[PDB]
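this one's a deposited entry, sequence included:
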Amino acid sequence: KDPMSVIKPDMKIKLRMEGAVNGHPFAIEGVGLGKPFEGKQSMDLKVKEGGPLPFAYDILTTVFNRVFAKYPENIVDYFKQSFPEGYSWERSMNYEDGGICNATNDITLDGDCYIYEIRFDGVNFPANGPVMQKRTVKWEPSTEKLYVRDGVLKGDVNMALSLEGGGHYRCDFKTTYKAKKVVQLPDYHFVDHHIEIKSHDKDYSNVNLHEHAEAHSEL
Amino acid sequence: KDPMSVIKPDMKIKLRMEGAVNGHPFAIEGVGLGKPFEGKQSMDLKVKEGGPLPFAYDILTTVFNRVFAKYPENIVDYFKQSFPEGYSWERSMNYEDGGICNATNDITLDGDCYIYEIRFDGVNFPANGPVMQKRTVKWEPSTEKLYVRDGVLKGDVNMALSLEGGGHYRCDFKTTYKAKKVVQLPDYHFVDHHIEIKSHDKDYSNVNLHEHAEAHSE
Amino acid sequence: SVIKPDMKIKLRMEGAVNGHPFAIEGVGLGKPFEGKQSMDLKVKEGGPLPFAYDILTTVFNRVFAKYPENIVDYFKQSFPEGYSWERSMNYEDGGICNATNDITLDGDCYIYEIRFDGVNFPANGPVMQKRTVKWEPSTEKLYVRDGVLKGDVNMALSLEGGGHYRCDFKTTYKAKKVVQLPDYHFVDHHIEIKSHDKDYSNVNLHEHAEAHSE
Amino acid sequence: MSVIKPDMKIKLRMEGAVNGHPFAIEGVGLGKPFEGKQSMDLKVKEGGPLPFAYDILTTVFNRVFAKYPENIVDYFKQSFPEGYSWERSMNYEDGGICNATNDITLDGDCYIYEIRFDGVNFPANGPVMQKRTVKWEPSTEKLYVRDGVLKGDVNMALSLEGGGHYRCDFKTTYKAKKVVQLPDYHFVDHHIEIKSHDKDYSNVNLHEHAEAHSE
């Protein structure tokens, strides 16, 4: 029952994402591992259906768990607290050219392995835009702002994807986090994050993805 | 194959929607009938999975085919002209309290039946908002603005749900329409529409839905 | 102590909406430690205004926010030298307004020099058709970036028929002297046109604002 | 098409502000409307030396000087003698935003522009206030009619000193002074260059060429 009895310095990850972009369905499975207290993780992802993906893989990567964030003692850690029962999140990602991606993740724990059930649905990406033409290169490191609204935990961030050449293509993230049991809610705070595709094959059928994240009381 | 030879004044509809709202999955199947040249249709919808639905059914009704719109002679009818091959659409529905629904429909034709494969995904509806509390009454009649930008047919409209107690709840609709084959694009125009839930049982597991729609040049 | 319990306001705004120029002058009074103010505004040029007056009201001074003792007050610290701000207001239908205010202090009066420029409001939209009612009370988020203070808020204008028309506000505030920079904090505010004549030639405008930490 | 000659002149005044600091610039130029080419010389009158990248101003300093093939309706040449106006938002990737307007009139063989320019929220360390921009990449404006109104969108990019780009989303609304036949959707290629300037940009020679196309 104690959340600190169902977590270890090293935890495993398994996931499946089912999704569509502009109405074209795809599926991806992942196997990974991370260090919840260091706030680091990595995973290998394989496209199972709908490959070669006709859009920029970067729209997916922030969808592939804030348990993997380093929380100082002085900030309530909603995510580590939620276990063993787990938590879910919902997110809209509203891109500056009108592309919008909705995603959800239901995170459970069995043994030492977090299990993700992910849904991803993106619409209205212009054929000529950086997503459909695969001209993206990386997410700039940024800072999520976490706060409680009407009794739930929210996360907002203005994100920026670096392009070929590159300059930046902007996206507004709005996340809602919901523990499955009643967990003590934190005060407003911040989570720095840095996500990287470390390697991939030509059409991103195979991707090795890394992230690290750290919570803080100020920006 | 002339698009007018694969359509009749009376056509049938079959559909399946698979979806989720705030991460909770559901599925609905529909059978309907419509008069494409009158711009009228109705259908009966049955929840197959995820009932009783915990959200306002009205968020779904506009996702449950512009074939059922009356087009005057001076406006190119992209929708009827896309058959027999058919067409698809993608839409974002951005509600005023931050709730956002994305939807798609892939529309094919088998005999005198249109067949829809629909996906619906809504996120970030607050628990105390009119959608999750089922405080919506109807979509106000409105007018979709159609236009062509960068070789693609689009439709925009600022829709509004009436609420119980008298308020309104606004939603920005942005649709992109794509024919399976290359079809002549129209010039900008408008589609007036009126959508109604004519009957439903208590938990909306059964719903009878009507729409009528008419294109004009204005 | 250059900030008194009762302070006056004089202002001039020059601006344009969709390329059509106008000018407005204001005189007012406020209680900076109580976080309230009111003013009377008069259209001097470009009247009758062909657009919703509500787009202007948040442009017509965070010194009139009540700050508790445990939150660093960037604005009150800035006087006698004062401060300036610039802001973009990006409406959901693509209308965008840019505004600036340069704020000085002359004895007992704050003096505002304001510029306001709005473009791309559709003729058929709520702004050009004057279908807005009021701004909903909301909370600005204030935080430091690059030695200067920022304020962001997702604002909502209620419309005549019920619903809301949204606008993202992004403000940069710049003190004219070195002050202590605050930690992240919030400002609740409530703005209300208390009276106006039919074409808004004359407007009485009220605000109250309060900073908080949580 | 008789109030428009193969050789036309240009006169303009821009009044504006960036981050609250006002400035004013005047310009005199010449162009070939049917060849889609123009140039002008521009002089800073107030607010010099300008403390921001001149490049933010250059696309504000007239689609009459775009070469239109016969098969695309030319909204701009059709506007005259009465003329037209435009309004535009330029939303840069770091949050800096510039709004601009131009009212274009015709006096004999000379187009006259009344321009307003206002930019806010350019960060002190960014490429605009640090004057680290080099030139606008050649791009293509996408023109379309929505709800009876002619609009143009383009994702523009400035190349930066030392490499890379700084992006900007342009959204323009065009408005003829009289009822003019609306075109179908189409594209305008453009290339804009500062060909010469002095050290502080008090003097600038600016060239543009633009061509409309289908597809």
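Received it, and whenever you're ready, just let me know what you need. Residues are numbered from 1 along each chain as shown, chains lettered A, B, ... in the order given.

for burial, what's the neighbour tally of the residue of chain A found nearest chain D?
Residue of chain A nearest chain D, by CB to the nearest CB: residue A:167 (3.6 Å). Yep, even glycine has a C-beta here, placed from its N, CA and C like the rest. Residues within reach of residue A:167, counting by other CB atoms under 10 Å in any protein chain shown, total 25.

again, but for residue A:149
As a measure of burial, residue A:149 has 10 neighbours, counting by other CB under 10 Å.

got a list of what it touches?
residue B:126 (CB atoms under 8 Å, 6 or more residues apart in numbering or on different chains).

quickly list what it is bridged to.
residue A:152 (DSSP bridges).

measure it to chain C for me?
Distance from residue A:149 to chain C, counting by CB to the nearest CB, to the nearest Å: 10 Å.

and that residue, how close does it get to residue B:153?
Per CB to CB, to the nearest Å, residue A:149 is found 38 Å from residue B:153.

list the contacts for the residue of chain A closest to chain D?
Contacts of residue A:167 by CB under 8 Å, 6+ apart are D:93, D:157, D:164-167.

up against chain B, what does chain A have?
A:20, A:22-23, A:88, A:90-92, A:94, A:98, A:100-104, A:106, A:119, A:121-124, A:126-128, A:149-150, A:152, A:174, A:176 (CB under 8 Å from any CB of the partner chain).

now, which of those lie within strands?
Taking DSSP state E, the ones among the residues of chain A next to chain B that sit in strands are A:20, A:88, A:90-92, A:94, A:100-104, A:106, A:119, A:121-123, A:149, A:152, A:174, A:176.

now, of those, which are buried?
A:20, A:88, A:90-92, A:94, A:100-104, A:106, A:119, A:121-123, A:174, A:176 (16 or more other CB atoms under 10 Å in any protein chain shown).

number of nearby residues for residue A:13?
21.

that one and residue A:35 touch, don't they?
No. Under the criterion of CB atoms under 8 Å, residue A:13 makes no contact with residue A:35, lying 11.5 Å away.

what touches both of the two?
In contact with both residue A:13 and residue A:35: residue A:41, using CB under 8 Å, 6+ apart.

what residues does chain A put near chain D?
Within chain A, the positions adjacent to chain D are A:96-97, A:160, A:163, A:165-170 by CB under 8 Å from any CB.

mind redoing it with 7 Å?
Contact residues, chain A versus chain D (CB under 7 Å from any CB of the partner chain): A:96, A:165-168, A:170.

so of these, which ones are in strands?
When these are checked against strands (DSSP E), the matches are A:168, A:170.

just to revisit the earlier point, can you tell me how far the residue of chain A closest to chain D is from chain C?
Distance from residue A:167 to chain C, by CB to the nearest CB: 19 Å.

residues of stretch A:165-180 that come out buried?
Within stretch A:165-180, the residues that count as buried by 16+ other CB under 10 Å are A:166-179.

and stretch A:28-46, end to end?
Terminal residues of stretch A:28-46 lie 6 Å apart, using CA to CA, to the nearest Å.

residues in contact with that stretch?
A:7, A:9-17, A:47-48, A:64, A:67-70, A:80, A:205-214 (CB atoms under 7 Å, 6 or more residues apart in numbering or on different chains).

all strands of chain A, in order?
A:11-21, A:24-35, A:40-49, A:87-95, A:100-110, A:113-123, A:136-139, A:142-149, A:152-163, A:168-179, A:189-200, A:206-216.

report the angle between the first one and strand A:40-49.
Think strand A:11-21. Interaxial angle, strand A:11-21 versus strand A:40-49 (axes from the mean of the first three to the mean of the last three CA atoms, to 10 degrees): 40 degrees.

got it, and the last one?
The directions of strand A:206-216 and strand A:40-49 differ by 140 degrees, with the same axes, to 10 degrees as the criterion.

who are the packing partners of strand A:206-216?
For strand A:206-216, the packing partners by 3 or more CB pairs under 7 Å, 6 or more residues apart in numbering or on different chains; DSSP states H and E come out as strand A:40-49, strand A:189-200.

okay, the ones you listed in a markdown table with mean neighbour count next?
As requested, the helices and strands packed on strand A:206-216 are arranged in a markdown table below (neighbours: other CB atoms under 10 Å in any protein chain shown):
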| stretch | mean neighbour count |
| --- | --- |
| strand A:40-49 | 18 |
| strand A:189-200 | 17 |
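
please indicate which of the contacts of stretch A:28-46 are buried?
So, by 16+ other CB under 10 Å, the buried ones in the contacts of stretch A:28-46 are A:7, A:11-13, A:15, A:17, A:47, A:64, A:67-70, A:80, A:205, A:207, A:209-214.

look up the residues forming beta bridges with residue A:41.
residue A:34, residue A:211.

distance-wise, check it relative to chain B.
Using CB to the nearest CB, residue A:41 is found at 22 Å from chain B.

please report the distance of that residue from chain C.
Taking CB to the nearest CB, one finds residue A:41 at 27 Å from chain C.

for residue A:50, which residues are in contact?
Neighbour list for residue A:50: A:24-27 [criterion: CB under 7 Å, 6+ apart].

repeat that with 10 Å
By CB atoms under 10 Å, 6 or more residues apart in numbering or on different chains, the contact list for residue A:50 reads A:18-21, A:24-28.

farthest pair in the residues you listed?
Using CB to CB, the contacts of residue A:50 span at most 13.6 Å, a distance reached by A:24 and A:28.

which residues do those two both contact?
A:50, A:53.

quick one: which of these two has more around it?
Each of residue A:24 and residue A:28 has its neighbours counted (other CB under 10 Å); residue A:28 has more, 26 against 16.

please name the nearest non-neighbouring residue to residue A:184.
Nearest non-adjacent residue to residue A:184, counting by CB to CB, 6 or more residues apart in numbering or on different chains: residue A:76, 5.8 Å away.

residues in a beta bridge with the closest residue to residue A:119 other than its chain neighbours, which ones?
Nearest residue to residue A:119, sequence neighbours excluded (CB to CB, 6+ apart): residue A:104, at 4.8 Å. Judged by DSSP bridges, the bridge partners of residue A:104 are residue A:90, residue A:119.

again with the one 4 residues further on
With DSSP bridges as the criterion, residue A:108 is bridged to residue A:115.

okay, now it: neighbour count?
Applying other CB under 10 Å, we find 16 residues neighbouring residue A:108.

in contact with it, which residues?
Contacts of residue A:108 (CB under 10 Å, 6+ apart): A:83-88, A:114-117, A:180.
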